[PDB]
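Chemist: One structure, as structure tokens, below. Some questions next.
Since every read-out is calculated from the coordinates, none of them should be taken as a lab result. Every residue, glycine among them, receives a Cβ derived from its backbone with ideal geometry; neighbour counts consider all protein chains shown.
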Amino acid sequence: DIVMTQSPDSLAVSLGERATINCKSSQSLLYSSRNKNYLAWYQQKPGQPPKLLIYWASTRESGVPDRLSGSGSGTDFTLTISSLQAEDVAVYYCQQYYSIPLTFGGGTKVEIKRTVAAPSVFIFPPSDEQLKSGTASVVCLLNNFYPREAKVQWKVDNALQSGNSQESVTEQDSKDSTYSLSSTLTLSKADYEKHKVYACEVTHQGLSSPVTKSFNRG
Amino acid sequence: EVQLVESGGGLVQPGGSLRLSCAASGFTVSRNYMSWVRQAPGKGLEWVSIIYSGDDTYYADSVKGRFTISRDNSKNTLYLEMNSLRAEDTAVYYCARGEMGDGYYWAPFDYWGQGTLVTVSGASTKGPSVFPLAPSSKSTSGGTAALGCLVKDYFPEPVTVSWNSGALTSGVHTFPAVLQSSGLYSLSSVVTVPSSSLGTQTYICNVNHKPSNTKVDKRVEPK
Amino acid sequence: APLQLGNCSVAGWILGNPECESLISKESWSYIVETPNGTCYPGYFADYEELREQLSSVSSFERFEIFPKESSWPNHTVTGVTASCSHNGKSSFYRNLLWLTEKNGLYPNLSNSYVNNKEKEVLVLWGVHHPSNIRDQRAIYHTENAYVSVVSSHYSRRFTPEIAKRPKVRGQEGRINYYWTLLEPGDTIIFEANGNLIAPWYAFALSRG
Ligand SMILES: *[C@@H]1O[C@H](CO)[C@@H](O[C@@H]2O[C@H](CO)[C@@H](O)[C@H](O)[C@H]2NC(C)=O)[C@H](O)[C@H]1NC(C)=O
């Protein structure tokens, strides 16, 4: 069972900078007969299957850009992006087709550093359709920001909420290097209309002050 | 030309069995390496099984004796009959190819399938509830309006959300679902359109939940 | 007066593939007639094109016993066979090679050598077994990190058999890599190992050209 180890676990560099992905194998990937190294490099954009970028350690497949290149011979191998672009934001696994079980690496998440982008905040009150069922889910939206670190606090009549709101973040867009965040505040029907003011407050680097969007009915 | 169409996934109870299929076109499956590679949600890739040459089979020790791989040349298809499925088998399984030249050395995975999800649970499927995220002045910061849909209360993963039957792709952001305390899933898929096209353009988010055979088409209109 | 090999290849011919028992070596030929995978038990034949060039035209060709089976190998079992080399519904092995295994649960350190007294060039061949798992590396050679050293006055190389489970060929998960050399008149070749050695059983003395 060959153990494929990658380094680092997450790589974030500026647009056009130079990024290296290092993969150390638990055993030599070379054959005594010839001189070809059975290591492969794959790309996996979010929501897509893996995509083979490099085989035989160094050789690229058709359609793969030239800025990608694989080096190494023996137990130490390297993927390198000379000029990192926007559509390169993806996870990269090194995998050996030397012996079986065929094993991949842990993965290397590559991210783009850019200018500080401030998010645009919008709030959605629960539709009358959901309220009739007996549940209230208020959604606070954060379209495009950078970096991904963002704090979303819910206020129900100036009451800091905790234990009833849930959020999920989109992975980095492979064009403009943004992320997106939505927080779903799940309340019951009896506690939604018992109150009035609901507001999601957002603190971020690009925001000089915590921004708050709010509706008032309910 | 070289595609890999997968089918056979869904929800199965622990101990149950399920059969995965991989339709192929562009190469002969009896003359190339065919492999299964699963990926647990939020985890690294993992190889599973292969079939090659005169239908010789290798397996990973984690699924050996429980899974059986096979193929059918007249149908040009790859199969992975799964037996005694456990909770840790919950993963998206992928279909893989390799150029079997001399058959002496292995090959990587050059062409892949789009992935089908197998959920090992016993909670049984339940239909998602879709609610309009209607835009207004509270969701209009400037010359752009924000609207979406709230696909709530379903099991298991996944759901596919499109807008206007796929004719709206610019600015659409569908977010990963969240598992709430009840045990069901819920997500929201939004889209940023210019606020001038609100009264003129109709907007329909299109959600499909295969494990429950549910298909919902919700219109979103301003409040 | 060229050679006629028929079904067998030079790899099959020179290694002694049991499917080639019909072929008897005649002293000389100008050129070889092949019908080319000849390796019974799969593996890489090193410098196969180089060997076919040396064997194109020969004179004074001879096939002699280089390392006797029942004497050169004390404290080692030599009757190792395999089903990939079947001979009339029964497992066998190359007729010019011996596949050395354990004896009484022991693979002692190995040493043996040959002195070229034939006054001609002696073609010497050997192989290196590459098993498919660690378990069968210990069960046959009792050492995980085996070494093989072939040294002569004109060729010195040291092999490390690596454990790798390759795709099945002839229904076998492991390989044997084949190697050869030419021994000048008056030269001595020395084999040392502690596992994974396919020692020579017969060898060929020949006048090249
Ligand atoms: C193979 O076995 C031993 C290996 O040394 C050779 O000599 C024996 O050595 C062991 C201790 O290592 C003792 O039992 C005796 O000193 C030896 N026993 C005998 C019977 O010789 C032995 O000679 C080798 N086999 C042959 C056929 O020579």
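Chemist: So for the stretch A:34-44 (the condition being under 30 Å from C:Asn196 (Cα atoms) and among the aromatic types (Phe, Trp, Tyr)), does at least one residue qualify?
Modeler: Within the stretch A:34-44, one or more residues are under 30 Å from C:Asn196 (Cα atoms) and among the aromatic types (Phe, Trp, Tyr).
Chemist: Of everything in the stretch B:170-198, what is more than 12 Å from chain A (Cβ to nearest Cβ) and closer than 17 Å to A:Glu171 by Cβ? Give them in sequence order.
Modeler: none
Chemist: Within the bounds of the stretch A:5-18, is there any residue that is buried (at least 21 other Cβ atoms within 10 Å of the Cβ) and more than 20 Å from the chain's Cα centre (by Cα)? Even if it seems obvious, please write down each step before you answer.
Modeler: Of the residues in the stretch A:5-18, the ones buried (at least 21 other Cβ atoms within 10 Å of the Cβ) are none.
No, the conditions are met nowhere in the stretch A:5-18.
Chemist: Please work out if C:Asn104 is part of a strand (DSSP E or B), away from chain A (no Cβ under 14 Å) and within 16 Å of the ligand (Cβ to nearest atom).
Modeler: Values: part of a strand (DSSP E or B): no; away from chain A (no Cβ under 14 Å): yes; within 16 Å of the ligand (Cβ to nearest atom): yes.
Spelling it out, it is not the case that C:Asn104 is part of a strand (DSSP E or B), away from chain A (no Cβ under 14 Å) and within 16 Å of the ligand (Cβ to nearest atom).
Chemist: Moving on. From the residues in the stretch C:55-76 that are part of a strand (DSSP E or B) and exposed (fewer than 14 other Cβ atoms within 10 Å of the Cβ), which one is farthest from the ligand (Cβ to nearest atom)?
Modeler: Checked the stretch C:55-76; the qualifying residue farthest from the ligand (Cβ to nearest atom) is C:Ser59.
Chemist: Now for a different question. Test B:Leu150 against the criterion of being within 11 Å of chain A (Cβ to nearest Cβ), within 18 Å of the chain's Cα centre (by Cα) and at negative phi, and give yes or no.
Modeler: So B:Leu150 does not fit the description; no.
Chemist: Assess whether B:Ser170 counts as being within 21 Å of the chain's Cα centre (by Cα) and part of a loop (DSSP other than H, G, I, E, B).
Modeler: So B:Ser170 does not fit the description; no.
Chemist: Does A:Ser69 count as among the hydroxyl-bearing types (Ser, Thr, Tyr), in a strand (DSSP E or B) and closer than 24 Å to A:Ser177 by Cβ?
Modeler: It is true that A:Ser69 is among the hydroxyl-bearing types (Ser, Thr, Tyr), in a strand (DSSP E or B) and closer than 24 Å to A:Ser177 by Cβ.
Chemist: With the structure loaded, tell me whether C:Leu125 is within 16 Å of the ligand (Cβ to nearest atom) and either under 15 Å from the mean Cα position of the chain (by Cα) or crowded, with 19+ Cβ neighbours inside 10 Å (or both) or whether it fails that test.
Modeler: no
Chemist: Any chance you could count how many residues in the stretch A:30-56 are more than 30 Å from B:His173 (Cβ to Cβ) and away from chain B (no Cβ under 11 Å)?
Modeler: Of the stretch A:30-56, the ones more than 30 Å from B:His173 (Cβ to Cβ) are A:30-40, A:54-56.
With the extra rule that they be away from chain B (no Cβ under 11 Å), the set shrinks to A:30, A:32, A:35, A:37.
Here the count works out to 4.
Chemist: Still on this structure, I have one more. Please note which strands (runs of 3 or more DSSP E) are completely contained in the stretch B:42-97 and include at least 3 residues that are more than 13 Å from chain A (Cβ to nearest Cβ), in contact with a strand residue (DSSP E or B) (Cβ under 9 Å, 6 or more places away or on another chain) and not basic (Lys, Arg).
Modeler: Fully inside the stretch B:42-97 and qualifying: B:67-72, B:77-82.
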